[PDB]
Amino acid sequence: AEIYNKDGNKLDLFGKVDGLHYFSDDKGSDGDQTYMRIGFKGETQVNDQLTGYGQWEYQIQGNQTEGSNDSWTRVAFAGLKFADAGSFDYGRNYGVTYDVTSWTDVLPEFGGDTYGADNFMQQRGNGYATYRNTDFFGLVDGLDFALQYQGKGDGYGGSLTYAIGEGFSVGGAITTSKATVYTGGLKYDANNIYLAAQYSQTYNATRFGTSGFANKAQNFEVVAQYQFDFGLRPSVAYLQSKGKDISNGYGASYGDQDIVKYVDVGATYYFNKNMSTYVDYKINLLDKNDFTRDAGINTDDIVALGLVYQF
Amino acid sequence: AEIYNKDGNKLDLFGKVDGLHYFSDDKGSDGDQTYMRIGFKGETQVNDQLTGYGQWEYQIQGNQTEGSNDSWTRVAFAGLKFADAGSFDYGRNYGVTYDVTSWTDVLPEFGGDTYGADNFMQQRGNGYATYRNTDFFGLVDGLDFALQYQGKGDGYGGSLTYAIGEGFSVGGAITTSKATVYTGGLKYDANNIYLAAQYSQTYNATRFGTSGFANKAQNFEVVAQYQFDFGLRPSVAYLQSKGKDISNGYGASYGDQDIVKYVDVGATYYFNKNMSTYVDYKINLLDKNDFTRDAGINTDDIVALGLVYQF
Amino acid sequence: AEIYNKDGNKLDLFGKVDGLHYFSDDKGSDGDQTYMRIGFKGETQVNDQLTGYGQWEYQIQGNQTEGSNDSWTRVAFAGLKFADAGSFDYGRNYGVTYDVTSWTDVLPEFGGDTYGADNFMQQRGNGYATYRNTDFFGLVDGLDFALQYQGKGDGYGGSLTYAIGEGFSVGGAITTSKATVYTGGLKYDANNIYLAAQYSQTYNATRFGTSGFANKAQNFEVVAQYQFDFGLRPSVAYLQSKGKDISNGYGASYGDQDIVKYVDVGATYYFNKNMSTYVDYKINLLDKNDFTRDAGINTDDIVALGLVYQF
Ligand SMILES: [Ca+2]
Ligand SMILES: [Ca+2]
Ligand SMILES: [Ca+2]
Ligand SMILES: [Ca+2]
Ligand SMILES: [Ca+2]
Ligand SMILES: [Ca+2]
Ligand SMILES: [Cl-]
Ligand SMILES: [Cl-]
Ligand SMILES: [Cl-]
Ligand SMILES: [Cl-]
Ligand SMILES: [Cl-]
Ligand SMILES: [Cl-]
Ligand SMILES: [Cl-]
């Protein structure tokens with residue numbers, strides 16, 4: 001719902017209320033995961049040349065019992081667009097990495113996940129000062145590039161997107177907080193088809209489950225998806241992350257073990273643009289073992305069912 | 001304030017800011033209780049037959065000093081209406097019990113209260129999957145029935161409402177998380193008159209003050225109210241809850257004591273639909289004693305005065 | 001963005017997203033300070049004579065990492081205007097003192113500060129029941145006066161504003177929670193000029209850094225500011241607070257030391273009404289010493305740069 005438009009100032013005010021339930025043995029899965037989002041995009045125009053924006057999107061849980069809060073700013077930032085010289089926007093905002101990682105982040109419930117938000121760049125973060133440049137100066141059509149800075153520690157980022165005309169797209173991003181991480185992705189967006197795959201390499205994953213970081217991490221994800229016309233986007237997808245020599249902060253070592261790996265059958269049923277329902281079944285592969293045990297890492301297969309209502 | 005309506009999508013965005021002060025000796029009463037609510041109802045139509053909704057209402061305190069948060073999702077859920085086959089809506093939502101208990105929940109400040117929110121069904125809760133059916137299939141006019149499911153533990157619910165034409169209404173609901181609870185209510189809604197009374201019986205009340213649960217609990221409430229035409233709804237009301245063999249979780253026992261009992265004189269003065277003022281005087285009866293002492297249960301008479309502004 | 005107007009009910013819904021970064025050695029300065037505000041003013045008219053309002057403005061940080069909340073109700077209250085007999089509004093609301101203190105609270109980032117919010121009156125507070133009277137009964141034009149009450153402990157307030165025609169304004173307020181505090185201010189608002197200065201005297205400042213209160217506190221602030229016409233309001237400003245015999249709650253004493261003192265060079269660049277950018281450089285003077293050390297009081301010079309986007 002875009003709620004204000006007068007004198008070159010547009011303000012949209014989105015929200016969703018997803019009521020959903022997990023089913024799995026792992027007792028910190030099975031249960032209600034209902035939550036809602038309240039966000040707001042914004043726009044102010046001055047001039048022909050430049051347009052000023054500003055955005056904010058919050059996630060508040062509705063699974064938590066009364067007297068209790070669960071919530072975080074998903075993003076908050078404010079920027080400036082200059083016509084043909086792209087944009088600058090400072091504040092809590094998706095890492096440049098996510099530019100290419102996002103292509104695989106499209107499953108009905110689970111996905112992305114190999115990185116976290118505040119996983120030292122790969123999804124969101126704080127203090128982020130991005131510059132985006134779209135259509136390379138009005139010069140090379142279809143080629144967009146972004147160069148980022150993260151706050152604290154320090155980090156630099158770069159991402160290069162290219163849809164080789166058509167629906168084929170190639171994806172490349174490098175991110176190096178101070179601990180570099182790489183990323184390549186491919187996506188095919190055509191005749192109600194969606195094929196996307198991406199993977200990446202890193203120095204340290206740090207902030208991971210509850211057990212420190214490796215010295216090398218190897219994450220890969222891929223999904224195929226069709227868009228039926230009565231509304232129904234059955235998605236099957238696979239992703240996995242592998243480790244290296246990993247510390248319990250102090251000592252511990254845990255070594256060479258899988259971090260996450262699963263196949264995913266999923267169906268998202270779009271009623272209309274504003275209401276969806278979805279069913280999602282995570283086919284988990286990981287074996288309940290010391291690494292997973294101590295670090296709380298989910299070893300059980302789960303299946304989630306949810307009724308999303310947006311705006 | 002309904003803020004968007006285009007193409008069969010309605011979104012209303014309500015809020016209230018109630019500034020109010022308590023007066024009583026009990027030092028965790030006397031004082032400011034100012035708070036605000038921000039909610040949003042929603043609607044998307046597809047088709048003749050079915051309409052998709054979604055709702056959310058938050059209560060944030062304004063009594064708390066700076067650097068501090070007090071807040072909870074009052075409700076969050078998303079559902080589906082099918083024309084003549086009623087509705088389904090999953091998420092944080094009023095227990096089916098409250099269908100009939102609500103009839104007595106109408107006093108200017110205090111009331112309801114014999115149950116809490118997260119009092120194992122009787123008001124709100126989490127994980128709730130309700131089905132409502134109104135006008136019994138378009139067949140029996142004036143007869144609505146709801147059947148519920150609570151999340152975790154597990155629970156089942158059923159509520160049957162009937163306004164015997166006129167303004168007379170009979171109310172019946174049974175709820176049994178796993179610990180059954182019963183409920184009958186009566187309400188008379190006519191010529192600016194409001195007479196409502198309800199009571200109920202239970203297995204265990206659990207989550208109560210700070211001291212475990214009984215083996216049998218007996219709660220009853222009744223209110224009469226007139227609606228004067230310059231705007232003024234003086235309400236007098238009485239309610240009370242009695243206990244059984246009650247544990248300090250471990251041991252303790254406390255036995256057969258009153259849980260809450262009071263008479264209530266109250267006046268709600270409606271200026272216009274959007275601004276009210278109100279005065280409310282709780283005539284408490286409970287005696288400050290071991291049960292009440294240790295369990296913090298309010299034994300003092302309080303009187304509250306507040307200026308509500310909605311939207 | 002005023003979002004509803006129908007039938008004498010106006011509801012405005014403001015917000016800002018300020019993305020800004022501090023630069024200083026003090027490690028609890030240098031960094032991201034991004035935050036957003038979401039507020040809402042309201043209005044309902046009934047009648048010729050009286051109009052009912054209600055307000056709410058929240059500040060949520062966007063500097064905090066994910067799974068984490070930072071936030072407070074800036075204000076929440078609801079009131080009543082009677083035409084020529086001014087207004088009453090109860091709830092979390094700026095102390096009457098701030099009526100005159102505010103004149104110096106106008107710098108691009110830092111300022112005000114000699115008092116805090118919940119600094120026993122001088123800025124915001126809880127339980128506040130204000131009465132404002134503007135234009136002294138329609139009688140003495142340009143003379144407004146406010147008389148306040150704070151919640152808990154108890155307090156009384158009074159503030160007298162006068163713009164001696166022109167842009168010259170004289171300011172006077174006294175506030176005495178139970179611990180009196182005084183205030184005089186002067187402001188000159190004319191030909192794109194802004195000159196304002198205020199200072200005040202107190203009994204106890206209490207809630208200050210981390211170290212109790214003095215027996216006498218002496219705070220003074222002054223700013224000059226010009227409004228260039230391409231948009232640019234370079235502001236230079238100076239303020240300082242001095243102490244008396246001050247306790248670590250228990251014992252400690254710390255004595256006669258400066259509390260805060262700095263000169264401020266600042267520029268606020270208004271693009272259009274809805275987007276600003278700003279640069280601000282706090283020239284701090286305080287010496288890192290026992291008082292400051294133990295009480296965490298910022299002894300370092302900082303400079304902040306931010307892109308605000310309102311609505
Ligand atoms: Ca493009
Ligand atoms: Ca398995
Ligand atoms: Ca009916
Ligand atoms: Ca009594
Ligand atoms: Ca005036
Ligand atoms: Ca210095
Ligand atoms: Cl919190
Ligand atoms: Cl999120
Ligand atoms: Cl991870
Ligand atoms: Cl509530
Ligand atoms: Cl209870
Ligand atoms: Cl604030
Ligand atoms: Cl201070």
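One structure accompanies this document, and this report is about it. (Residues numbered from 1 in each chain as written, not as in the entry; some residues may be left out. Chains lettered and ligands numbered in written order. Heavy atoms only, no water. Residues with missing side-chain atoms left out of burial classes, pairs and counts.)

1. Re the overall build of chain A
Then, number 1: Across its full length, chain A carries two helices and 19 strands.
Then, number 2: A globule of 311 residues ought to have a C-alpha radius of gyration of about 19 Å, and chain A, at 20 Å, matches this closely.
Then, number 3: Seen along its three principal axes, the alpha-carbon backbone of chain A occupies a region of about 60 × 45 × 45 Å. (Helix = DSSP H or I, 4+ residues; strand = E, 2+ residues; numbered from the N terminus. Rg over C-alpha atoms; globule rule 2.2 N^0.38 Å.)

2. A closer look at the pairing of strand 5 (residues 35–45) of chain B
All names here are of chain B.
Then, number 1: With eight of its 11 residues buried, strand 5 lies for the most part within the structure.
Then, number 2: Bridge count for strand 2 (residues 9–12) against strand 5 is two bridges, and the pairing is antiparallel. Paired with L11 across the bridge in strand 5 is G42.
Then, number 3: Pairing of strand 3 (residues 15–23) with strand 5 involves four bridges; the strand directions are antiparallel. (Buried < 20%, exposed > 50% of the residue type's maximum accessible area, 1.4 Å probe, protein only. Pairing = 2+ DSSP bridges.)

3. Quick look at the relation of the copies chain C and chain A
Then, number 1: With an RMSD of 0.0 Å, chain C superimposes on chain A once it is rotated by 120° and translated 0.0 Å along the axis. Look at the turn and shift together and you get a three-fold axis relating the two. For chain C, the residue whose C-alpha comes nearest the rotation axis is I3 of chain C, separated from it by 4.2 Å.
Then, number 2: Here only 3% of the interface residues in chain C have copies in chain A that are interface residues too; the copies meet through unlike faces. (Least-squares fit on C-alpha atoms. Contact = heavy atoms within 4.5 Å.)

4. Examining the relation of the copies chain B and chain A
Then, number 1: The transformation that overlays chain B on chain A combines an axial shift of 0.0 Å with a rotation of 120°, and the residual RMSD is 0.0 Å.
Then, number 2: Each copy contacts the other with its own distinct surface, as only 3% of the interface residues of chain B are interface residues in chain A too.

5. Re the interface of chain C and chain A
Then, number 1: Contacts between chain C and chain A engage 29 residues on the former and 36 residues on the latter.
Then, number 2: Along the contact surface separating chain C from chain A lie three salt bridges.
Then, number 3: Counting every contact that joins chain C to chain A gives 14 residue pairs in polar contact.
Then, number 4: Listed by contribution, the elements that provide at least two residues to the side of chain C that touches chain A are strand 1 (2–6), strand 3 (15–23), strand 5 (35–45), strand 6 (50–61), strand 17 (258–272) and strand 19 (302–309) of chain C.
Then, number 5: Ranked by residue count, the leading element in the side of chain C that touches chain A is strand 3 of chain C, at four residues.
Then, number 6: Partitioning the side of chain C that touches chain A into residue classes produces 12 nonpolar, 13 polar and four charged. (Salt bridge = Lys/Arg side-chain N within 4 Å of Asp/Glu carboxyl O. Polar contact = N/O pair within 3.5 Å; in protein donor to acceptor, adjacent residues only side chain to side chain. Nonpolar A, V, L, I, M, F, W, Y, C, P; charged D, E, K, R; others polar.)

6. Let's talk about the packing of aromatic side chains
Then, number 1: What the rule picks out here adds up to 54 aromatic pairs over all chains.
Then, number 2: Look at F136 of chain B and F145 of chain B: their rings are 5.5 Å apart centre to centre, the planes differ by 50°, and that puts the pair in the tilted class.
Then, number 3: Residue classification places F136 of chain B among the partly exposed positions, given a relative accessible area of 30%.
Then, number 4: On the basis of relative accessible area, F145 of chain B is assigned to the buried category, the value being 18%.
Then, number 5: A centroid spacing of 5.2 Å and a plane angle of 80° characterise the contact between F168 of chain C and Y188 of chain C, whose relative ring orientation is edge-to-face.
Then, number 6: Taken together through their ring pairs, the aromatic side chains of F40, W56 and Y58 of chain A together with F311 of chain C make up a single cluster.
Then, number 7: Cation over ring: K41 of chain A sits above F14 of chain A, and NZ or CZ is 3.5 Å from the ring centre. (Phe/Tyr/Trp six-rings, centres within 6.5 Å; stacked < 30°, edge-to-face > 60°. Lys NZ or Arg CZ within 6 Å of the ring centre and 35° of its normal.)

7. Considering the interface of chain B and chain A
Then, number 1: The partner chain A presents 29 residues to the 36 residues of chain B that form the contact.
Then, number 2: Of the roughly 2,600 Å² buried at the junction of chain B and chain A (both faces included), carbon and sulfur atoms supply 65%.
Then, number 3: Inspection of the chain B/chain A interface yields three salt bridges.
Then, number 4: Among the ionic pairs, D30 of chain A bridges to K152 of chain B, the shortest N-O distance being 3.3 Å.
Then, number 5: Counting across the chain B and chain A interface gives 14 residue pairs in polar contact.
Then, number 6: Residue assignment for the side of chain B that touches chain A shows that the elements contributing at least two residues are strand 1 (2–6), strand 2, strand 5, strand 6 (50–61), strand 7 (71–82) and strand 8 (87–92) of chain B.
Then, number 7: Each residue belonging to the side of chain B that touches chain A can be placed in one class, and the counts come to 17 nonpolar, 13 polar and six charged. (Buried area = accessible area lost by both parts, 1.4 Å probe.)

8. Looking at the nonpolar core
Then, number 1: Membership of the largest hydrophobic core comes to 57 residues, with the highest contact counts inside it found for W56 of chain A, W56 of chain B together with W56 of chain C.
Then, number 2: Those residues in contact with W56 of chain A that sit more than four places away from it in its chain are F14, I38, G39, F40, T73, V75 and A76 of chain A together with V17, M36, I38 and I60 of chain C.
Then, number 3: Formed by 20 residues, the second largest nonpolar core is a distinct cluster that contains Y22, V260, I297 and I302 of chain C. (Core = buried A, V, L, I, M, F, W, Y, C linked by side-chain atoms within 4.5 Å.)

9. Comments concerning the pattern of salt bridges
Then, number 1: Within this structure, the stated rule accounts for 30 salt bridges over all chains.
Then, number 2: One salt bridge in this structure joins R37 of chain B and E57 of chain B, with 3.7 Å as the shortest N-O distance. Of the two residues, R37 of chain B is situated in strand 5 and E57 of chain B in strand 6; the sequence distance between them amounts to 20 residues. This pair shows no difference in class: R37 of chain B is buried, exactly as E57 of chain B is.
Then, number 3: Ionic contacts of the salt-bridge type, sharing partners, join the residues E66 of chain A together with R92, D118 and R124 of chain B into one network.

10. Thoughts on unusual backbone geometry
Then, number 1: A positive phi angle, close to 50°, is found at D113 of chain A, a residue other than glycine.
Then, number 2: Positionally, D113 of chain A belongs in the loop between helix 1 (98–101) and strand 9 (129–133).

11. What to know about the side chain of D32 of chain A
Then, number 1: In this structure, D32 of chain A sits in strand 4 (residues 31–32).
Then, number 2: A distance of 2.4 Å separates the side chain of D32 of chain A from the side chain of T34 of chain A, its partner in a polar contact.
Then, number 3: A distance of 2.6 Å separates the side chain of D32 of chain A from the backbone nitrogen of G127 of chain B, its partner in a polar contact.
Then, number 4: Here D32 of chain A is in contact with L20, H21 and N63 of chain A together with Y90, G91, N126 and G127 of chain B, once residues within four sequence places are set aside.

12. Examining the environment of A173 of chain B
Residue and element names in this part refer to chain B.
Then, number 1: When you line up the elements, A173 lands in strand 12 (residues 168–176).
Then, number 2: As a C-alpha pair, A173 and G157 span 16 residues in sequence and 7.6 Å in three-dimensional space.
Then, number 3: With residues near it in sequence (within four places) discarded, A173 still touches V96, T97, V100, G158, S159, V181, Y182 and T183.

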